[PDB]
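Text of start_26.cif (mmCIF, N, CA and C atoms and all ligand atoms) as supplied:
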data_data
loop_
_atom_site.label_atom_id
_atom_site.label_comp_id
_atom_site.auth_asym_id
_atom_site.auth_seq_id
_atom_site.Cartn_x
_atom_site.Cartn_y
_atom_site.Cartn_z
N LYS M 2 5.67 -10.18 18.76
CA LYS M 2 6.93 -9.49 18.41
C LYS M 2 6.73 -8.46 17.30
N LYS M 3 5.72 -8.74 16.36
CA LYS M 3 5.44 -7.74 15.30
C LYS M 3 4.81 -6.55 16.00
N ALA M 4 4.22 -6.81 17.01
CA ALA M 4 3.63 -5.74 17.82
C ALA M 4 4.76 -4.86 18.37
N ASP M 5 5.80 -5.49 18.92
CA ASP M 5 6.93 -4.76 19.54
C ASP M 5 7.69 -3.98 18.47
N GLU M 6 7.98 -4.60 17.34
CA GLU M 6 8.67 -3.94 16.21
C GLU M 6 7.84 -2.76 15.69
N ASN M 7 6.56 -2.99 15.48
CA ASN M 7 5.66 -1.96 14.93
C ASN M 7 5.68 -0.77 15.89
N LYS M 8 5.62 -1.01 17.19
CA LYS M 8 5.60 0.08 18.21
C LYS M 8 6.87 0.90 18.06
N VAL M 9 8.02 0.25 17.96
CA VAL M 9 9.34 0.94 17.88
C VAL M 9 9.41 1.74 16.57
N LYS M 10 9.01 1.15 15.46
CA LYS M 10 9.07 1.81 14.13
C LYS M 10 8.14 3.03 14.12
N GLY M 11 6.95 2.89 14.69
CA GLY M 11 5.96 3.98 14.71
C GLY M 11 6.45 5.12 15.58
N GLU M 12 7.02 4.78 16.72
CA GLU M 12 7.56 5.79 17.67
C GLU M 12 8.68 6.55 16.97
N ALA M 13 9.57 5.85 16.28
CA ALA M 13 10.68 6.47 15.57
C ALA M 13 10.14 7.40 14.49
N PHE M 14 9.16 6.95 13.73
CA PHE M 14 8.59 7.74 12.63
C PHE M 14 8.02 9.04 13.19
N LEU M 15 7.20 8.95 14.23
CA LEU M 15 6.49 10.13 14.77
C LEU M 15 7.50 11.09 15.38
N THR M 16 8.53 10.56 16.00
CA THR M 16 9.59 11.38 16.64
C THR M 16 10.34 12.15 15.55
N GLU M 17 10.59 11.55 14.41
CA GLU M 17 11.31 12.20 13.29
C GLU M 17 10.37 13.17 12.57
N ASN M 18 9.12 12.79 12.37
CA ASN M 18 8.15 13.57 11.56
C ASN M 18 7.82 14.89 12.25
N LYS M 19 7.81 14.90 13.57
CA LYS M 19 7.46 16.12 14.36
C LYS M 19 8.43 17.25 14.04
N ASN M 20 9.63 16.96 13.60
CA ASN M 20 10.65 17.99 13.29
C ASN M 20 10.53 18.43 11.84
N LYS M 21 9.74 17.73 11.03
CA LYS M 21 9.68 17.99 9.57
C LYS M 21 8.88 19.26 9.29
N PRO M 22 9.20 19.97 8.21
CA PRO M 22 8.58 21.27 7.99
C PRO M 22 7.08 21.14 7.68
N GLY M 23 6.24 21.91 8.35
CA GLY M 23 4.78 21.88 8.16
C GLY M 23 4.06 20.96 9.12
N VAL M 24 4.79 20.17 9.90
CA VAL M 24 4.13 19.18 10.79
C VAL M 24 3.69 19.86 12.08
N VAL M 25 2.41 19.83 12.35
CA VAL M 25 1.81 20.41 13.57
C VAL M 25 1.47 19.26 14.50
N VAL M 26 1.97 19.30 15.73
CA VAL M 26 1.73 18.24 16.73
C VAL M 26 0.65 18.70 17.69
N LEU M 27 -0.38 17.90 17.87
CA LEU M 27 -1.50 18.21 18.78
C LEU M 27 -1.23 17.55 20.13
N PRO M 28 -1.86 18.03 21.22
CA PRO M 28 -1.69 17.44 22.54
C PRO M 28 -1.94 15.93 22.57
N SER M 29 -2.83 15.45 21.71
CA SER M 29 -3.20 14.03 21.64
C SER M 29 -2.04 13.19 21.14
N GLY M 30 -1.14 13.77 20.37
CA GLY M 30 -0.06 13.03 19.69
C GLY M 30 -0.37 12.97 18.21
N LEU M 31 -1.61 13.30 17.84
CA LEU M 31 -1.97 13.38 16.42
C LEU M 31 -1.11 14.47 15.80
N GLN M 32 -0.58 14.24 14.62
CA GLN M 32 0.22 15.22 13.86
C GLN M 32 -0.51 15.50 12.55
N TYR M 33 -0.32 16.67 11.97
CA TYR M 33 -0.91 16.95 10.64
C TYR M 33 -0.08 17.94 9.85
N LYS M 34 -0.29 17.98 8.55
CA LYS M 34 0.37 18.93 7.63
C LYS M 34 -0.76 19.44 6.73
N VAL M 35 -0.82 20.76 6.52
CA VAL M 35 -1.87 21.37 5.65
C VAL M 35 -1.36 21.30 4.21
N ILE M 36 -2.09 20.61 3.33
CA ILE M 36 -1.71 20.43 1.91
C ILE M 36 -2.40 21.52 1.11
N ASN M 37 -3.67 21.76 1.39
CA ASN M 37 -4.48 22.82 0.74
C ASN M 37 -5.45 23.31 1.80
N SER M 38 -5.49 24.62 2.04
CA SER M 38 -6.40 25.20 3.04
C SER M 38 -7.74 25.50 2.38
N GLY M 39 -8.85 25.13 3.00
CA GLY M 39 -10.20 25.45 2.52
C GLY M 39 -10.76 26.61 3.31
N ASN M 40 -11.87 27.18 2.86
CA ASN M 40 -12.49 28.37 3.51
C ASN M 40 -13.86 28.00 4.05
N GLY M 41 -14.22 26.73 4.04
CA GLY M 41 -15.55 26.28 4.45
C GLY M 41 -15.75 26.08 5.93
N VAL M 42 -16.92 25.60 6.31
CA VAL M 42 -17.26 25.33 7.72
C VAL M 42 -16.46 24.14 8.24
N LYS M 43 -16.26 24.09 9.55
CA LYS M 43 -15.57 22.96 10.20
C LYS M 43 -16.67 22.03 10.70
N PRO M 44 -16.57 20.70 10.49
CA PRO M 44 -17.58 19.82 10.99
C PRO M 44 -17.57 19.69 12.51
N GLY M 45 -18.71 19.42 13.11
CA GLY M 45 -18.82 19.12 14.54
C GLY M 45 -18.80 17.62 14.75
N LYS M 46 -18.78 17.17 16.00
CA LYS M 46 -18.66 15.72 16.32
C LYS M 46 -19.87 14.95 15.83
N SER M 47 -21.02 15.59 15.68
CA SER M 47 -22.29 14.91 15.32
C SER M 47 -22.59 15.04 13.83
N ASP M 48 -21.74 15.67 13.06
CA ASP M 48 -22.01 15.94 11.63
C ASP M 48 -21.58 14.77 10.76
N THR M 49 -21.97 14.80 9.49
CA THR M 49 -21.57 13.80 8.48
C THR M 49 -20.66 14.57 7.52
N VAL M 50 -19.64 13.94 6.99
CA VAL M 50 -18.69 14.56 6.04
C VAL M 50 -18.61 13.72 4.77
N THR M 51 -18.30 14.34 3.66
CA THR M 51 -18.04 13.65 2.39
C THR M 51 -16.58 13.97 2.13
N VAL M 52 -15.75 12.96 1.90
CA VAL M 52 -14.28 13.16 1.79
C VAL M 52 -13.65 12.31 0.71
N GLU M 53 -12.54 12.75 0.17
CA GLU M 53 -11.68 11.92 -0.69
C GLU M 53 -10.48 11.61 0.22
N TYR M 54 -9.97 10.38 0.23
CA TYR M 54 -8.88 10.04 1.15
C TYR M 54 -8.05 8.88 0.65
N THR M 55 -6.84 8.79 1.15
CA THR M 55 -5.93 7.68 0.87
C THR M 55 -5.29 7.37 2.21
N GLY M 56 -5.23 6.11 2.61
CA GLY M 56 -4.58 5.65 3.84
C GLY M 56 -3.36 4.86 3.46
N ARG M 57 -2.25 5.11 4.13
CA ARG M 57 -0.99 4.40 3.82
C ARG M 57 -0.18 4.17 5.09
N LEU M 58 0.71 3.21 5.02
CA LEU M 58 1.59 2.87 6.16
C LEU M 58 2.88 3.67 6.02
N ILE M 59 3.75 3.60 7.02
CA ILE M 59 5.00 4.41 7.03
C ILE M 59 5.92 3.98 5.88
N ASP M 60 5.82 2.73 5.42
CA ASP M 60 6.64 2.23 4.30
C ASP M 60 6.09 2.77 2.98
N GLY M 61 4.94 3.44 3.00
CA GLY M 61 4.34 4.06 1.81
C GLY M 61 3.28 3.19 1.15
N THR M 62 2.97 2.05 1.74
CA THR M 62 1.98 1.11 1.17
C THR M 62 0.57 1.67 1.38
N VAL M 63 -0.14 1.95 0.29
CA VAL M 63 -1.54 2.43 0.36
C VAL M 63 -2.42 1.22 0.66
N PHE M 64 -3.27 1.29 1.67
CA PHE M 64 -4.14 0.18 2.09
C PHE M 64 -5.61 0.53 1.84
N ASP M 65 -5.90 1.79 1.51
CA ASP M 65 -7.28 2.22 1.22
C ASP M 65 -7.26 3.56 0.47
N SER M 66 -8.19 3.76 -0.47
CA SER M 66 -8.22 4.99 -1.28
C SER M 66 -9.56 5.16 -2.00
N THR M 67 -10.04 6.39 -2.10
CA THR M 67 -11.25 6.73 -2.88
C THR M 67 -10.79 7.10 -4.29
N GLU M 68 -9.49 7.09 -4.56
CA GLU M 68 -8.93 7.51 -5.86
C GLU M 68 -9.30 6.55 -6.98
N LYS M 69 -9.76 7.09 -8.11
CA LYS M 69 -10.10 6.30 -9.33
C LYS M 69 -11.30 5.42 -9.03
N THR M 70 -12.08 5.76 -8.01
CA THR M 70 -13.32 5.03 -7.66
C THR M 70 -14.52 5.73 -8.29
N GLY M 71 -14.36 6.99 -8.68
CA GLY M 71 -15.43 7.79 -9.30
C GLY M 71 -16.35 8.37 -8.26
N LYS M 72 -16.11 8.07 -6.98
CA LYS M 72 -16.96 8.60 -5.88
C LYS M 72 -16.26 8.90 -4.54
N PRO M 73 -16.72 9.94 -3.79
CA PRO M 73 -16.15 10.23 -2.49
C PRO M 73 -16.82 9.36 -1.43
N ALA M 74 -16.27 9.31 -0.23
CA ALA M 74 -16.82 8.53 0.88
C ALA M 74 -17.59 9.44 1.83
N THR M 75 -18.51 8.90 2.60
CA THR M 75 -19.33 9.65 3.58
C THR M 75 -19.19 8.96 4.93
N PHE M 76 -18.89 9.73 5.98
CA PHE M 76 -18.70 9.20 7.34
C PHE M 76 -19.34 10.09 8.39
N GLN M 77 -19.93 9.51 9.42
CA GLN M 77 -20.35 10.26 10.61
C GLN M 77 -19.03 10.58 11.35
N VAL M 78 -18.78 11.83 11.73
CA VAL M 78 -17.47 12.27 12.30
C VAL M 78 -17.06 11.45 13.52
N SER M 79 -17.99 11.12 14.39
CA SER M 79 -17.67 10.38 15.64
C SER M 79 -17.53 8.85 15.55
N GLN M 80 -17.89 8.31 14.39
CA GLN M 80 -17.91 6.83 14.19
C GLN M 80 -16.71 6.35 13.36
N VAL M 81 -15.64 7.12 13.27
CA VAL M 81 -14.37 6.70 12.61
C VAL M 81 -13.29 6.67 13.70
N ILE M 82 -12.07 6.33 13.34
CA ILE M 82 -10.95 6.26 14.32
C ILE M 82 -10.78 7.62 15.02
N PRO M 83 -10.36 7.63 16.30
CA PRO M 83 -10.16 8.88 17.04
C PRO M 83 -9.33 9.91 16.28
N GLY M 84 -8.30 9.50 15.57
CA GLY M 84 -7.45 10.41 14.78
C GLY M 84 -8.27 11.18 13.77
N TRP M 85 -9.18 10.49 13.08
CA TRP M 85 -10.08 11.12 12.10
C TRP M 85 -11.07 12.02 12.84
N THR M 86 -11.71 11.55 13.89
CA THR M 86 -12.74 12.35 14.59
C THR M 86 -12.11 13.68 14.99
N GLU M 87 -10.90 13.62 15.52
CA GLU M 87 -10.18 14.83 15.97
C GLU M 87 -9.82 15.71 14.78
N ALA M 88 -9.13 15.20 13.79
CA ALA M 88 -8.66 15.98 12.64
C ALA M 88 -9.82 16.64 11.88
N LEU M 89 -10.89 15.91 11.64
CA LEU M 89 -12.00 16.44 10.82
C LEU M 89 -12.55 17.71 11.48
N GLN M 90 -12.67 17.71 12.80
CA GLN M 90 -13.27 18.86 13.54
C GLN M 90 -12.39 20.11 13.45
N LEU M 91 -11.13 20.01 13.04
CA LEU M 91 -10.21 21.15 12.89
C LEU M 91 -10.12 21.60 11.44
N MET M 92 -10.75 20.88 10.51
CA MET M 92 -10.57 21.13 9.06
C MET M 92 -11.72 21.93 8.44
N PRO M 93 -11.46 23.14 7.91
CA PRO M 93 -12.48 23.84 7.16
C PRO M 93 -12.83 23.03 5.90
N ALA M 94 -14.10 22.97 5.54
CA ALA M 94 -14.53 22.27 4.31
C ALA M 94 -13.70 22.83 3.16
N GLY M 95 -13.29 22.00 2.21
CA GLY M 95 -12.43 22.37 1.09
C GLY M 95 -10.96 22.14 1.37
N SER M 96 -10.61 21.77 2.59
CA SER M 96 -9.20 21.57 3.00
C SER M 96 -8.68 20.17 2.66
N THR M 97 -7.42 20.06 2.28
CA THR M 97 -6.74 18.75 2.15
C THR M 97 -5.65 18.76 3.22
N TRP M 98 -5.69 17.83 4.15
CA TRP M 98 -4.65 17.67 5.19
C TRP M 98 -4.00 16.30 5.05
N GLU M 99 -2.77 16.15 5.52
CA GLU M 99 -2.13 14.83 5.64
C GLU M 99 -2.01 14.64 7.14
N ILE M 100 -2.62 13.62 7.72
CA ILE M 100 -2.59 13.37 9.18
C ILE M 100 -1.73 12.14 9.47
N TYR M 101 -1.00 12.16 10.57
CA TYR M 101 -0.10 11.07 11.02
C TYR M 101 -0.71 10.61 12.33
N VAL M 102 -1.27 9.39 12.37
CA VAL M 102 -2.08 8.91 13.51
C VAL M 102 -1.32 7.88 14.33
N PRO M 103 -0.99 8.18 15.60
CA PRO M 103 -0.43 7.16 16.46
C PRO M 103 -1.44 6.02 16.57
N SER M 104 -0.96 4.79 16.79
CA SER M 104 -1.82 3.59 16.88
C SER M 104 -2.89 3.74 17.96
N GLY M 105 -2.60 4.45 19.05
CA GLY M 105 -3.55 4.62 20.15
C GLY M 105 -4.75 5.46 19.72
N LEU M 106 -4.60 6.22 18.64
CA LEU M 106 -5.69 7.05 18.08
C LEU M 106 -6.23 6.34 16.83
N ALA M 107 -5.86 5.10 16.59
CA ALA M 107 -6.35 4.33 15.43
C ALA M 107 -6.91 3.00 15.93
N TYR M 108 -6.24 1.88 15.68
CA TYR M 108 -6.74 0.53 16.05
C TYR M 108 -5.96 -0.04 17.24
N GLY M 109 -4.89 0.62 17.66
CA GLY M 109 -4.24 0.25 18.92
C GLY M 109 -3.37 -0.99 18.93
N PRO M 110 -3.11 -1.62 20.10
CA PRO M 110 -2.32 -2.85 20.19
C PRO M 110 -2.86 -3.86 19.18
N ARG M 111 -4.18 -3.97 19.04
CA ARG M 111 -4.81 -4.82 18.00
C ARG M 111 -4.09 -6.16 17.87
N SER M 112 -4.14 -7.04 18.86
CA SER M 112 -3.38 -8.32 18.83
C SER M 112 -3.40 -8.92 17.41
N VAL M 113 -4.56 -8.99 16.75
CA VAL M 113 -4.69 -9.57 15.38
C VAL M 113 -4.19 -8.52 14.37
N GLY M 114 -4.91 -8.25 13.27
CA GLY M 114 -4.44 -7.36 12.20
C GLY M 114 -4.71 -7.97 10.83
N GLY M 115 -4.47 -7.22 9.74
CA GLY M 115 -4.66 -7.71 8.38
C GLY M 115 -4.15 -6.57 7.55
N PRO M 116 -5.00 -5.61 7.11
CA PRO M 116 -4.47 -4.42 6.48
C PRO M 116 -3.68 -3.71 7.59
N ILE M 117 -4.25 -3.61 8.79
CA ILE M 117 -3.65 -2.87 9.94
C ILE M 117 -3.14 -3.86 10.98
N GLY M 118 -1.84 -3.89 11.18
CA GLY M 118 -1.22 -4.77 12.19
C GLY M 118 -1.29 -4.17 13.58
N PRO M 119 -0.63 -4.79 14.58
CA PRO M 119 -0.63 -4.28 15.93
C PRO M 119 0.28 -3.05 16.04
N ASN M 120 -0.15 -2.05 16.82
CA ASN M 120 0.63 -0.81 17.06
C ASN M 120 1.02 -0.16 15.73
N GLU M 121 0.08 -0.08 14.79
CA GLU M 121 0.34 0.45 13.43
C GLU M 121 0.06 1.96 13.34
N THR M 122 1.05 2.72 12.93
CA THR M 122 0.93 4.18 12.72
C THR M 122 0.36 4.37 11.33
N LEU M 123 -0.69 5.18 11.19
CA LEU M 123 -1.38 5.34 9.89
C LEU M 123 -1.23 6.77 9.36
N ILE M 124 -0.98 6.92 8.07
CA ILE M 124 -0.86 8.24 7.40
C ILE M 124 -2.05 8.37 6.46
N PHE M 125 -2.80 9.45 6.57
CA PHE M 125 -3.97 9.69 5.69
C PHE M 125 -3.94 11.04 5.00
N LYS M 126 -4.17 11.06 3.70
CA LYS M 126 -4.43 12.31 2.97
C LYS M 126 -5.95 12.40 3.04
N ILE M 127 -6.51 13.49 3.53
CA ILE M 127 -7.97 13.68 3.67
C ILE M 127 -8.36 15.00 3.01
N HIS M 128 -9.18 14.94 1.98
CA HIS M 128 -9.75 16.15 1.33
C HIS M 128 -11.20 16.23 1.78
N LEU M 129 -11.52 17.17 2.67
CA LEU M 129 -12.90 17.39 3.15
C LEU M 129 -13.64 18.14 2.05
N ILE M 130 -14.59 17.48 1.41
CA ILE M 130 -15.35 18.08 0.29
C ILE M 130 -16.53 18.86 0.87
N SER M 131 -17.30 18.28 1.78
CA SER M 131 -18.52 18.93 2.30
C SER M 131 -18.87 18.45 3.70
N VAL M 132 -19.69 19.23 4.40
CA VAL M 132 -20.16 18.91 5.76
C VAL M 132 -21.68 19.02 5.75
N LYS M 133 -22.38 18.13 6.43
CA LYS M 133 -23.85 18.16 6.54
C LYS M 133 -24.21 18.05 8.00
N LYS M 134 -25.15 18.84 8.47
CA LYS M 134 -25.57 18.81 9.90
C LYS M 134 -26.69 17.78 10.04
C1 LIG S 201 -15.19 2.95 9.83
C2 LIG S 201 -13.80 2.45 10.22
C3 LIG S 201 -13.75 0.94 10.28
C4 LIG S 201 -14.85 0.14 10.00
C5 LIG S 201 -14.72 -1.23 10.08
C6 LIG S 201 -13.51 -1.77 10.43
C7 LIG S 201 -12.47 -0.92 10.69
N1 LIG S 201 -12.57 0.41 10.62
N2 LIG S 201 -12.75 3.01 9.34
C8 LIG S 201 -12.63 2.44 7.99
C9 LIG S 201 -12.78 3.50 6.88
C10 LIG S 201 -13.33 2.89 5.61
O1 LIG S 201 -14.69 2.54 5.80
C11 LIG S 201 -11.45 4.24 6.66
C12 LIG S 201 -11.58 5.76 6.53
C13 LIG S 201 -11.92 6.41 7.86
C14 LIG S 201 -10.88 6.04 8.91
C15 LIG S 201 -10.79 4.53 9.06
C16 LIG S 201 -11.99 4.01 9.84
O2 LIG S 201 -12.24 4.51 10.93
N3 LIG S 201 -10.47 3.97 7.74
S1 LIG S 201 -9.06 3.25 7.44
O3 LIG S 201 -8.56 3.79 6.23
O4 LIG S 201 -8.28 3.37 8.63
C17 LIG S 201 -9.32 1.53 7.17
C18 LIG S 201 -9.19 0.64 8.22
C19 LIG S 201 -9.38 -0.71 7.98
CL1 LIG S 201 -9.21 -1.82 9.30
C20 LIG S 201 -9.70 -1.19 6.73
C21 LIG S 201 -9.83 -0.28 5.70
CL2 LIG S 201 -10.25 -0.84 4.11
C22 LIG S 201 -9.63 1.08 5.90
#
Can you dump the structure from the file as structure tokens?
Amino acid sequence: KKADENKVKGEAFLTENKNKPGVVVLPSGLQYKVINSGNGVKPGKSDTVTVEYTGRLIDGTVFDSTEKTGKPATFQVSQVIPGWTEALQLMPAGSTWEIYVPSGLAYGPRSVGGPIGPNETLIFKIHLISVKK
């Protein structure tokens, strides 16, 4: 049932957010807002990125962050959630975007859960610091 509630809440959020100013909707259902535009290279699917990021739920609860850690994170572009793989490839290095990820582009129905429940819509602030081939 938390799965059914989460699906309805996420659908409502994405339906409302698509009308909000600055929100760009992609064919995938991934949405994004440009916070700061960078002038750097865009990563490819096989590249590694160094990023600062914060992940939060629609209620505003932060579940992950590089903030006050003293260090950025490093990820292979293709080995993160589909929402990230897609968004990173559209982001010039130096850019800060806020992405709104439907559950199908994140962890999905996910019968279990913990930080991320079933049918959970995820919001991420992503600052792409650098790209490495
Ligand atoms: C590698 C991948 C991953 C590895 C293992 C298990 C689950 N997921 N992963 C996590 C990384 C942190 O390494 C982080 C940033 C990149 C996107 C995404 C992501 O794809 N998340 S996250 O914010 O959605 C997230 C999700 C969960 Cl379940 C828990 C946390 Cl603490 C944070």
Could you make a table, as JSON lines, of the residues of chain M that have an atom within 6 Å of an atom of ligand LIG 201 (chain S), each with its nearest atom pair and distance in Å to one decimal, counting only C-alpha atoms and all ligand atoms, in chain and number order?
{"residue": "M:56", "atom": "CA", "partner": "S:LIG201", "partner_atom": "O3", "distance": 5.0}
{"residue": "M:65", "atom": "CA", "partner": "S:LIG201", "partner_atom": "CL2", "distance": 5.2}
{"residue": "M:81", "atom": "CA", "partner": "S:LIG201", "partner_atom": "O2", "distance": 3.5}
{"residue": "M:82", "atom": "CA", "partner": "S:LIG201", "partner_atom": "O2", "distance": 4.0}
{"residue": "M:117", "atom": "CA", "partner": "S:LIG201", "partner_atom": "CL1", "distance": 5.7}
Q) Where in chain M does DSSP assign strand (DSSP E or B), given as a count of residues only? A) 42
Q: Tell me which protein, DNA and RNA residues are within 9 Å of residue M:66, counting only C-alpha atoms, leaving out same-chain ones fewer than 4 positions away, and put them as a ChimeraX atom specification.
A: /M:53-57,70
Given the selection you just returned, output its residues as a file containing N, CA and C atoms, formatted as a short mmCIF file (atom, residue, chain, number, x, y, z; two decimals), in the coordinates of the input.
data_model
loop_
_atom_site.label_atom_id
_atom_site.label_comp_id
_atom_site.auth_asym_id
_atom_site.auth_seq_id
_atom_site.Cartn_x
_atom_site.Cartn_y
_atom_site.Cartn_z
N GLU M 53 -12.54 12.75 0.17
CA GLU M 53 -11.68 11.92 -0.69
C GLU M 53 -10.48 11.61 0.22
N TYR M 54 -9.97 10.38 0.23
CA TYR M 54 -8.88 10.04 1.15
C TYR M 54 -8.05 8.88 0.65
N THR M 55 -6.84 8.79 1.15
CA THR M 55 -5.93 7.68 0.87
C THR M 55 -5.29 7.37 2.21
N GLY M 56 -5.23 6.11 2.61
CA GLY M 56 -4.58 5.65 3.84
C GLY M 56 -3.36 4.86 3.46
N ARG M 57 -2.25 5.11 4.13
CA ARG M 57 -0.99 4.40 3.82
C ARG M 57 -0.18 4.17 5.09
N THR M 70 -12.08 5.76 -8.01
CA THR M 70 -13.32 5.03 -7.66
C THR M 70 -14.52 5.73 -8.29
#
Q: Find the spatial neighbours of residue M:128, counting only C-alpha atoms, within a cut-off of 6 Å - ignore same-chain residues fewer than 5 positions away - and output them as a PyMOL selection string.
A: chain M and resi 52-53+96-97
Could you please take those selected residues and save N, CA and C atoms as a short mmCIF file (atom, residue, chain, number, x, y, z; two decimals), in the coordinates of the input?
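File part.cif, as written:
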data_model
loop_
_atom_site.label_atom_id
_atom_site.label_comp_id
_atom_site.auth_asym_id
_atom_site.auth_seq_id
_atom_site.Cartn_x
_atom_site.Cartn_y
_atom_site.Cartn_z
N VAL M 52 -15.75 12.96 1.90
CA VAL M 52 -14.28 13.16 1.79
C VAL M 52 -13.65 12.31 0.71
N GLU M 53 -12.54 12.75 0.17
CA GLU M 53 -11.68 11.92 -0.69
C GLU M 53 -10.48 11.61 0.22
N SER M 96 -10.61 21.77 2.59
CA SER M 96 -9.20 21.57 3.00
C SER M 96 -8.68 20.17 2.66
N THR M 97 -7.42 20.06 2.28
CA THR M 97 -6.74 18.75 2.15
C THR M 97 -5.65 18.76 3.22
#
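Comparing M:26, M:107, M:91, M:78 by their smallest distance to residue M:42, the closest is M:91 (using only C-alpha atoms).
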(Q) To test your reading of the structure, identify every residue in chain M that backbone DSSP assigns to helix (DSSP H, G or I), and report it as a count of residues only. (A) 31
Q: Would you mind reading off the distance between atom CA of residue M:104 and atom CA of residue M:127, one decimal, in Å?
A: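 A separation of 17.7 Å between them.
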**Q.** Straight-line distance linking atom CA of residue M:101 with atom CA of residue M:18, stated in Å to one decimal
**A.**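 These atoms are spaced 8.6 Å apart.
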Q. From the list M:62, M:32, M:24, M:5, which residue is nearest residue M:84 when using only C-alpha atoms?
A.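 Smallest separation from residue M:84 among the options: M:32.
Here atom CA of residue M:48 and atom CA of residue M:134 stand 4.9 Å from one another.
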Q) Nearest to residue M:123 among M:2, M:12, M:75, M:58, with distances taken over all atoms listed in the file: which residue is it? A) M:58
Q: Would you kindly identify which residues have an atom no farther than 8 Å from (-15.5, 17.1, 9.1), using only N, CA and C atoms and the file's own coordinates, and write them out as a list in words?
A: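 Protein, DNA and RNA residues close to (-15.5, 17.1, 9.1): residues 42, 43, 44, 45, 46, 48, 49, 50, 51, 77, 78, 85, 86, 88, 89, 90, 91, 92, 93, 94, 129, 130, 131, 132 and 133 of chain M.
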Q | M:30, M:76, M:119, M:112 ranked by distance to residue M:15, top pick (using only C-alpha atoms) | A | M:30
Q: Please tell me which residues are no farther than 12 Å from (2.6, 19.1, 11.5) in the file, counting only C-alpha atoms, and write them as a PyMOL selection string.
A: chain M and resi 15-28+30-36+88+98-102
Padded axis-aligned box of stretch 9-25 of chain M (8 Å per side), centre and edge lengths, Å, one decimal, as AutoDock Vina command-line options:
--center_x 6.4 --center_y 11.1 --center_z 12.8 --size_x 25.8 --size_y 37.7 --size_z 26.3
(Q) Between M:103, M:14, M:64, M:74, which residue has the minimum interatomic distance to residue M:116, considering only C-alpha atoms? (A) M:64
